[PDB]
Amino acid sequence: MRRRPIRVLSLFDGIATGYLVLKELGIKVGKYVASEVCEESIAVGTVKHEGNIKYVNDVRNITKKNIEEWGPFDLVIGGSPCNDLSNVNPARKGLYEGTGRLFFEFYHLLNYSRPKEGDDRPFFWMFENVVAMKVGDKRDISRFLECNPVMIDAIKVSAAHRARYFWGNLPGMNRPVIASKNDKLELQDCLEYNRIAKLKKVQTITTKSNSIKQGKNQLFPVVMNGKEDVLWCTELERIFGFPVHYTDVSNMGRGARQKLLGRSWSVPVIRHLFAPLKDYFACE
């Protein structure tokens, strides 16, 4: 009846938010296998977690035997690229072409990792994508995952808009979202010394810099020494809920770091979703 550390498969791992959230919850992590192709994302996860993450490269090269050998897995998580699923891009290619079809790789590996019937062991999974997709894509995704998504907007627990869909079977996914004592809910809470926030919440941050100045006006969000300014990398990390300097890696500059942060998960949203896992696995 004792608990063991959690064994995780994480596809499209990005900057290892999944691992970070688990460690922040005190869950003992026994294995974290991450599929990721971008070299600078991999550098972040590598350096910031001192080699605990096993990187396995392109999701499309993971084999049925790979899932057998690297497993068993207790938790299968992923969030696939939304370049072709979002409305934000005019040249959507949809769920079936371009990179939208990488979702089926998640669907595919999820089924390999699932325990066989008769095995009543715990097994949790979660898949995330953006809301700005068409109903046909949202319908087909939850045709393949056999369940419907929860929508969670980080505006409730962070200083920024970002509404996402989450499918999965984690305990309590549909429950209400409540802020914790240490959630930085206003933009001012995330700025460095001697900087003034013009807004309390900022529009959804993407990988491109034009998402940082707000609204139709395209106004710089910060005032410093009387002049307008954009947000800083440390301030972006704070908005998304990452540790300060999490992406200060591999000589990356403003652009590189915004790219990684803009496509990442909001840490406090993942914490909320992952928190019911504490009672199924080993704890620090």
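For clarity, a rigid core is taken as the largest C-alpha set superposing within 1.5 Å between two forms. Throughout, we count residues from 1 along the sequence that is shown.
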>> Rigid core superposition, C-alpha RMS per stretch in 4 other deposited structures of this protein: which comes out larger, 232 to 240 or 217 to 225?
In response: 217 to 225
> At least a third of the other compared entries leaving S211 unmodelled, is that the case?
Replying inline: yes
> Taking the recorded C-alpha temperature factors, which stretch has the higher mean, 119 to 127 or 196 to 204?
Replying inline: 119 to 127
> Given the B-factors recorded for C-alpha atoms, which segment has the greater mean, 37 to 45 or 63 to 71?
Replying inline: 63 to 71
> Whose C-alpha has the highest temperature factor in the PDB entry: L102, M151, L110, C147?
Replying inline: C147
>> Ranking every modelled residue in this chain by its Cα temperature factor as given in the entry, which third contains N169?
In response: middle
>> Please say which third, lowest, middle or highest, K227 falls into when its CA temperature factor is compared across its chain.
In response: middle
>> How does the C-alpha B factor of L185 compare with the rest of the chain: lowest, middle or highest third?
In response: middle
>> Can you tell me whether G26 has a C-alpha B-factor in the lowest, middle or highest third compared with the other modelled residues of the same chain?
In response: middle
>> Using the temperature factors of the C-alpha atoms in this entry, rank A163 within its chain: lowest, middle or highest third.
In response: middle
